[PDB]
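See structure below.
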Amino acid sequence: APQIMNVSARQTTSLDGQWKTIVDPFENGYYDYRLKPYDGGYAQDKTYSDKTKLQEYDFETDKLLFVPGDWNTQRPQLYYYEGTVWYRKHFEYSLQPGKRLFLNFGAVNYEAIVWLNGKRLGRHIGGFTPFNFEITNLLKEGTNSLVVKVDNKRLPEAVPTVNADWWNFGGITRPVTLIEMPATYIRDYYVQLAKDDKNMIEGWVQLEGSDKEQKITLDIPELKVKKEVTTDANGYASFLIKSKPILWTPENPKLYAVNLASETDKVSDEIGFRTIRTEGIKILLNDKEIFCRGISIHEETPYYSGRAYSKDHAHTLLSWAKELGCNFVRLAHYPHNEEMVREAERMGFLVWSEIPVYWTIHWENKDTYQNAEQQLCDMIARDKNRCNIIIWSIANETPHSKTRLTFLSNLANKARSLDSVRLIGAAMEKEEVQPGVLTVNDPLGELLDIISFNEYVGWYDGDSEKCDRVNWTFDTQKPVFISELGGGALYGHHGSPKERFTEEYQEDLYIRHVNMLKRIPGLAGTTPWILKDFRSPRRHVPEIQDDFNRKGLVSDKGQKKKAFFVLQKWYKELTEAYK
Amino acid sequence: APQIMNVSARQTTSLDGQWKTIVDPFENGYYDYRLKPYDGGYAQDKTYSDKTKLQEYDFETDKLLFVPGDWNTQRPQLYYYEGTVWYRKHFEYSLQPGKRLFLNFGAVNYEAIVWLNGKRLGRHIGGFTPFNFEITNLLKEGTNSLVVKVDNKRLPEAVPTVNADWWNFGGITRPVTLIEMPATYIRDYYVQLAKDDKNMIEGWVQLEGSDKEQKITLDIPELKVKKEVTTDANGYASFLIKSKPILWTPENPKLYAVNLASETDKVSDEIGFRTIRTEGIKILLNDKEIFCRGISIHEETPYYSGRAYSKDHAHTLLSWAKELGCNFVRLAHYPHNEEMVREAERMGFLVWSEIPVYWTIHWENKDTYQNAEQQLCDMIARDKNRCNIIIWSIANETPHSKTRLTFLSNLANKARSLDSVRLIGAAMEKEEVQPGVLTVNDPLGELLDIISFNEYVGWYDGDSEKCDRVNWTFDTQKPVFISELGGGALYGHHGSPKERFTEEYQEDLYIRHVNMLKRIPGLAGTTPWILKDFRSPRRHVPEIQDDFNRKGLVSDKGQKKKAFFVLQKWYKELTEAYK
Amino acid sequence: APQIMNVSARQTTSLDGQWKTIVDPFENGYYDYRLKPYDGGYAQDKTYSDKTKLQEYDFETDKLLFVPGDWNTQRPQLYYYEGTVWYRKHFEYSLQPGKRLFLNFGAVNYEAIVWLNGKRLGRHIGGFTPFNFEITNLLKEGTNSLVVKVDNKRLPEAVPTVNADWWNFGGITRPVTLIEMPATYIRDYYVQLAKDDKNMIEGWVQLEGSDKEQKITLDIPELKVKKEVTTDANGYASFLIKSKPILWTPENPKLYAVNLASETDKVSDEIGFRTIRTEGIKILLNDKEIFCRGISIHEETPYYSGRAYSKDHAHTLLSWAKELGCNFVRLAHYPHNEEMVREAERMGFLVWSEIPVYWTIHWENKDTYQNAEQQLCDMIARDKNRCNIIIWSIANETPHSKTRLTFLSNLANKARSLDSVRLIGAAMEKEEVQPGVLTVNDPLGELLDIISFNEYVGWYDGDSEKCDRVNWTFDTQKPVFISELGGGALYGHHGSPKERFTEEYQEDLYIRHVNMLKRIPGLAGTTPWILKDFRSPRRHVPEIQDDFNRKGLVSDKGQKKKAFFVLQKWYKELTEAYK
Ligand SMILES: [Cl-]
Ligand SMILES: [Cl-]
Ligand SMILES: [Cl-]
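What follows is the structure in structure tokens.
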């Protein structure tokens, strides 16, 4: 089924909790010993109560896993696990005749195949985007059986591919929700300021069901807006509304109550309004020049470092970014859960939103492209009304090649065709064209609204001293945005500022690096890497990394490292300077 | 380097113990973020003592694993682990100038890449066959660094492929041995009775080194044999020796001390002599009709169910087969460690020896074929002097197809070209051509000396009662050998004989099944599945299987199930009847 | 209630396998929140079927543990666990009226409380001695429930007390066995040579039940012995038999089939005959002077280092002792399972058998004395017919005090009153009375038949050099027996002979220490510490001990360290010298 907008404001019933599970690395529940699909696999969820017959599994007496969640932090045996885990849930639901029922997954990494009562609903790939199935006519009276086959095996042709710098978190990682709808319902809608127009609200609305021609009212009571339209034979209607809304900023993240009521459905939202554009090397929010005082963040929890999903997780992480002095967060390297985006929206954080087109994607594979573009479409479709998002990012650290350029230009064009307002970015990389002279020479830059790139001078490229003896130049007059920078340190590990992975080295790096940043012309944003130490299978120094990337300014246990205050101090200066 | 015969009788120094290790699922130690090999990966074994520079690993402070051993039973985190683990060992060795030094791996599952002092020695695939490297000219004074990159990822094109019914045990699973040799050494030799000739010992010997033309003496003092030959320019010599040795049988497993002394090397062995052939439906050992009272055995330890490797493990397992009344063991589904074969040899067990050409091998892949044929050659080369081995098996439960038939016929022909004496087998499968009429209709049978097949009447095919109402017929007059049969049971789990996985069901099955076996014409051997419960990721019934195949007649904890005594009783009758 | 001789030869039914369990550190299933024993706790084994009522447990859906075994190696969470684990087993048994049924526990560490069908059978303390309950009248039709509350908390007043050098293995550590008896049955018997008499078999038989007065026949067919006696009203009869048995020896461990038959019961056994005495500083076996070429052994398995209990475990351990050249094993520091003693009996190992009166026992506590004495009686009663046992040991490394001497004197007197044949020992400790002069100055020695003591010159007491410079003297003329000596090494850890925990240090230590043993006047025995590395929570050197005592001559993975061959060589010389 197509995406449902604003799931949280619908008639929802959670299916979360603890589910029955079967770890199945050889996919015995799907394939027989000839490696063929067979009838009687684990999707049938047959309780093994008659022991005069033979079967090889029993959900009813197997172990549990929490849903939502990565499986990796739930059992020692699952820490590295890559492969199939079956999940099973029994539920009852009383669906009044004529109402519709949808099963919504916030995210499953990586491939999900879903059955209800032994009937296959469908299949999804892409670990960070939501998907749903209509189950209106498949629900039975009494106990219903939902089985989900989850597989997180790394595949060469997948998005992302077989190599990345974060943990391969498998499982049903975001909430599972039943959504009851009327027979014809408001499925999707868009309400935002028109491009560069502080005074014009535009949008549209899309109905789904057999009664597609209806009157619809868009209601913004605080703005005394009440616009009525009628949908066409395809259930669609658009609108233009002149209005002077108070404009959302990080300092005053104003949101308006927005109500949509058609004849057969109604839904409420919280939507803010703002204009965003570039002008030369300036980033203009509501026509005012801003600096993006940012920090990068992975979708991983404080303290126990599982996959984040809740408002609790988001608020804690963003409260650290608040203390750091940020007005901006880079959510890397994939769409985060919706609670993170919404909490950024209400607390006052501009957002960079990204799909995992990351490192050595298979640029020549047409299935790979369709998967990436599908993830692009789903990312924008979910969050198109989140006014704090100002940058869509289509790639991170991808090698230069002709097929790669073609691949990403198609993505950039698709992004613009879907959203004319927000800026298009991508984490490019730097080059030292001559000793001491750093720049970004990437043909991808021509398709981007900003010169966005990662650089690690003083960590990967030289010792801290090298920050002091380089300068930057750019051959185009677009805002410069450094989307990653920094260095590693273990909290509580102290020593000389020359000794790597001590807090003192990271502090000294941040001092010299900030001084370098202050010499860069056109610099309009920084999202250093990273807010919190996070899990990566590429970080193997014992007692220092222990499978964590240690470039947090905050430890995984919520402790602010020395370098945190260096960046906080610079962000205080930028706050005053951009007043 | 080519195989070394009889490693245990050489000047050996063990490298076993506990080694430094790095779990590396994304192969960060081999590939950089562009997925390219890079200089400075983990093979350099650089101790991270200078922290003014950056690296991402440190063997010196990482965790240990035992060598030899699967990694799966050593850490909860490694239970399911499929991927790369790096192993590192530091050692010293004082090699007198002019002597040679070889590094011998008994087995590594699945792919091994080996470095010494940062220099790549080579690479091996195939998890159950030995391999060695000459390190004579790479050894340094003082500390030497040996790094082994072990990967057990399942590959479609591998042997075995992505599906099998036993645990994917990764690691350095058999001993690691340094072998010192003289500058020209006896590398390989063969000493066995000529085909069907109780009175003629034949063989050959192969030298390696710059002094290949030498006098060689074959010494069997108890037989008063002293035959002298000279090798040719390629270091090879053959021999024929008339003699009347006492012939090895299971009842009197007579072995002779055999000494080989060339001018530059000498090695001793323990070798027995016997003739084996078929005659119609009879299997003839030393011209006497025998029945193979067998049991199948995986290479997995009693009690803790790790990969077996020691004489302790072998003796315990074979002591159970002894108590069961066996004169024969089927070592499934791959070459076992040499201690198992030798202990079978000295205790009096005929042996079926197999390579893992198992289920859905990629018959059309020429690399797949070469791997299978290499494993075939290595299996025979290692154990060609073990007179208790009488069957080489080239496949198990492979689907019928033309490319499969071609693949296996090439294997069968290669086997015969290497060894004219032993019988060629393969686990075929049965078919019910008409209700109640069971047979084996497989074109592979024409290439085999026996009608060897697996059947599970009363477990997979019907309830126990079905054993009572079927009969078998075969359209050729070759000995019938049932290489698998039986059913599952949890030790200490009791109930009605109708209830599957109880001891009583397995007992009732074995009674009815044995009665069926007694009606089969031409039956000359049975190796029921299996001696000991063993680990399989296809066995998911909670509290009953718990990732174990439960078809043992002995539990994984050494407890004899009721059905053990049913088969023991039949084997007692067959012992008397074949006197 | 009383001990049953020779359980394995009775009509037995195993209850072993996998049992339901509840870990209960606060003993919630036994005490209420007023810390009062309550009724309706876990021993009722009430399946939680009716969820309209409240309870806080459910065996029926809880986790399994293997029975027999320690719990510590079965789950990571139970590695260090000290406290209560509840065990539950369901079974059926059909008992013809008139017959009796007993429940036999081979051992439970440390305290066991036992219920059948919700009714308390009794309680046991002492982790290494067997105990029985009669359940004849409490057996119900259908499902019977057996619940065992097992606690291994260390207690100051217990035997052993709150400190020892081995792992606190909790659980049902040896088999659980149902024993069917006739109404009047042969409970106990003794059949051994009279003291110092090669020709007189003496003994006695003890019946229990309502018809204790019966005719008894003792048959030893190979000796053509057939003796009839009639028991008295207490069920007792003694006998004296002239015979000329082949005397049991390590080199020829001759055992006889012994058959006892009453009017209503019969049992068979395998029993050997030997004499043993001291003569000044000599130990005489069958009048012949012997040296006890020993090795100490804990009751811990090869490879996985759990609690040993099976014939497999015993055979593997003793096969290392055989290869070492031993004729003697010290089973420390408590009664081992019967399989170990029987396998030593049949393979030809003299045995030292011990109770865990170890270190700082509470000598003034009368309950502590009764417990120690009960363990002494139980040890001797179970194994009084094992001719390979020649030393009972009453203590190990206990501090000198008046009350300690009284305590041990009472045990020595009790031992002698139960067994007038075997030697009484205890591991005393050495004293450096003058610099360079070592002796044993412990008044306990007057109560022992041998001067048995532990000494660690070259490990705890000096470096290896000290072995070269010290002299020993002894004031009495009793055989000197060194019951512990040696040092630690990790297999595969190599370095200078002066680097402790290398194989080379341990090898150098044994070379120098063996030389010292040659100049100890009166030395008649050595059982160095120890055969196999074993678990101890007092051994904390990371990557070297890792919670293992490393004084094995064999690693816990079955690998012979360099020092193994030093002791083996000396034992080969002792074998020739004592021919
Ligand atoms: Cl880092
Ligand atoms: Cl099974
Ligand atoms: Cl130690």
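First to last, the protein sequences are chains A, B and C. Going by my numbering, the residue at position 417 of the first sequence is 417; the numbering climbs one at a time, nothing skipped. The number in my numbering is simply the position in the second sequence, starting from 1, with 1000 added. The number in my numbering is simply the position in the third sequence, starting from 1, with 2000 added. Beta carbons are placed, not taken as given, at the ideal position from N, Cα and C, and that holds for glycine.
Look at the region 2015-2031 of chain C: the residues with a C-beta under 8 Å from a C-beta of chain B are 2015, 2016, 2017, 2018. The beta carbons of residue 1355 of chain B and residue 1398 of chain B sit no closer together than 8 Å.
Shortest Cα-Cα distance from residue 1239 of chain B to any of B:1254, B:1488, B:1252, B:1215 involves B:1215. Within the model, the alpha-carbon separation for residue 1251 of chain B versus residue 1575 of chain B is close to 11 Å. Taken atom to atom, the span from the alpha-carbon of residue 2001 of chain C to that of residue 2462 of chain C is near 51 Å. For residue 2312 of chain C, the residues of chain B that pass the 7 Å Cβ criterion are 1302, 1316, 1558, in the order they occur in the chain. For residue 1387 of chain B, the three-state secondary structure derived from DSSP is coil. Distances from the CA of residue 1352 of chain B to each of B:1424, B:1269, B:1037 were compared; the closest alpha carbon is that of B:1424. Short of 7 Å from the beta carbon of residue 142 of chain A, and not among the five residues preceding or following it, lie these beta carbons of its own chain, in chain order: 92. Going by DSSP, residue 501 of chain A is part of no alpha helix (DSSP H) at all; its letter is neither H nor E.
The set of residues whose C-beta lies within less than 7 Å of a heavy atom of ligand 2 reads, in chain order, B:1488, B:1539, B:1545, B:1549, B:1550, B:1551. Taking a Cβ-Cβ threshold of 7 Å, the residues of chain C close to residue 1064 of chain B are 2543, in chain order.
Residue 1181 of chain B and residue 2549 of chain C have their C-alpha atoms spaced approximately 37 Å apart. Per the C-alpha coordinates, the member of B:1542, B:1474, B:1565, B:1564 positioned closest to residue 1523 of chain B is B:1474. No Cβ of chain B is located within less than 8 Å of the beta carbon of residue 363 of chain A. Closer than 8 Å to the CB of residue 1056 of chain B there is at least one CB belonging to chain A. Cβ-Cβ distances below 7 Å link residue 1038 of chain B to 1032 in the same chain, with the five nearest sequence neighbours on each side left out; the list follows chain order.
Against chain B, the beta carbon of residue 2493 of chain C has neighbours under 9 Å at 1017, 1018, listed in chain order. Annotation: Cβ neighbours of residue 1076 of chain B in chain C (cutoff 7 Å, chain order): 2076. Within the region 1373-1407 of chain B, contact with chain A at the beta-carbon level (separation under 8 Å) is assigned to 1397, 1399.
Annotated three-state conformation of residue 1510 of chain B is helix, per DSSP.
Per DSSP, the continuous alpha helix (DSSP H) segment holding residue 1570 of chain B begins and ends at 1562-1577.
Taking a cut-off of 8 Å on C-beta distances, the region 484-503 of chain A does not touch the region 438-445 of chain A, as fewer than three cross pairs fall below it. With contacts defined by Cβ atoms closer than 8 Å, residue 1530 of chain B and residue 1243 of chain B do not form a contacting pair.
In this structure, C:2340 is the residue among C:2026, C:2504, C:2340 with its C-alpha nearest to the C-alpha of residue 2128 of chain C.
Counting only runs that start and end inside the region 2374-2442 of chain C, the alpha helix (DSSP H) elements of at least 4 residues fall at 2402-2418. Around the Cβ of residue 256 of chain A, a 10 Å sphere holds 16 or more other Cβ atoms; the residue is buried. The residues 1206, 1207, 1208, 1212, in chain order, have a CB closer than 7 Å to that of residue 1235 of chain B in the same chain once the five nearest residues on each side in sequence are set aside. Each residue's CA atom was taken as its position, placing residue 1338 of chain B and residue 1315 of chain B some 12 Å apart. Among the bridge pairs identified by DSSP, residue 2292 of chain C is matched with C:2525. Rounded to the nearest angstrom, the gap between the Cα atoms of residue 2082 of chain C and residue 1455 of chain B is 49 Å. Looking at the DSSP output, residue 2459 of chain C bridges to nothing.
Residue environment for residue 2098 of chain C: exposed (fewer than 16 other C-beta atoms within 10 angstroms of its C-beta). Excluding residues up to 5 positions away in sequence, 2424 lie with their Cβ nearer than 7 Å to the Cβ of residue 2416 of chain C in the same chain. Taking 7 Å as the Cβ-Cβ cut-off, the region 522-541 of chain A approaches chain B at 537, 538, 539, 540, 541, given in chain order.
Chain-order list of chain A residues neighbouring residue 1360 of chain B: 34, 35, by C-beta distance under 8 Å.
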